[PDB]
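In the order they appear, the protein sequences are chains B and A.
Following PDB author numbering, the numbering of the first sequence begins with 1 at its first residue and continues without gaps.
Following PDB author numbering, the numbering of the second sequence begins with 1 at its first residue and continues without gaps.
Every residue gets a Cβ at the ideal spot worked out from N, C-alpha and C, and that includes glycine.
Input: a single structure, listed below in structure tokens.
There are 2 protein chains.
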Amino acid sequence: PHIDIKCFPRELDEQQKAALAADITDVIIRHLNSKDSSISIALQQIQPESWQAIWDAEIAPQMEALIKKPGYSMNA
Amino acid sequence: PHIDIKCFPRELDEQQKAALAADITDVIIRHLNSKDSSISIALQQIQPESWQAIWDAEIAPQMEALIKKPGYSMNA
């Protein structure tokens, strides 16, 4: 599995990045029956003014297929 | 944060997809100082013969930045 995490900018040191990756890894192993070697994880920082593009391409068009829908909306 | 999970196909019912979403949500809240309302999660099942496109567009180019690198290589 390949997991992509997009979020607003924040400072994460190497220890933080590795711990987040480890917690994500174990969740994926549990739910998808995956092996550790099959998992890759990306963390991409997105500036606030570029979040609309993420909403438009990834969130809004897939809304009822999302496994977790956003509590916020960019189309109010 | 918006989380995208790509994996080879598997039989997952709605309760199973919600349980995966809940565990991912906890991890994101605790590591990114996030809130339930800010989190959206997509799950996309990709047939094995279409994984090369994922390697080429998402995994390989980001190798320098991934927070968890894959345990396999598929450069073609």
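Asked: Backbone secondary structure at residue 62 of chain A - three-state DSSP; Found: coil
Asked: Complete runs of the alpha helix (DSSP H) confined to the stretch 7 to 69 of chain A [at least 4 residues]; Found: 14 to 32, 51 to 54
Asked: Beta-carbon proximity check, residue 3 of chain B vs residue 28 of chain A, cutoff 8 Å; Found: no
Asked: Candidates B/47, B/41, B/16, B/25, of which the one nearest residue 65 of chain A by Cα; Found: B/41
Asked: For residue 59 of chain A and residue 70 of chain A, believed in contact at Cβ under 8 Å, the rounded distance; Found: 6 Å
Asked: Separation of residue 33 of chain B from residue 16 of chain A, as counted between CA atoms; Found: 12 Å
Asked: CB of residue 46 of chain A within 8 Å of CB of residue 7 of chain A, strictly; Found: yes
Asked: Whole-angstrom C-beta distance between residue 21 of chain B and residue 67 of chain A, which should lie under 8 Å; Found: 4 Å
Asked: Distance, residue 74 of chain B Cα to residue 10 of chain B Cα; Found: 22 Å
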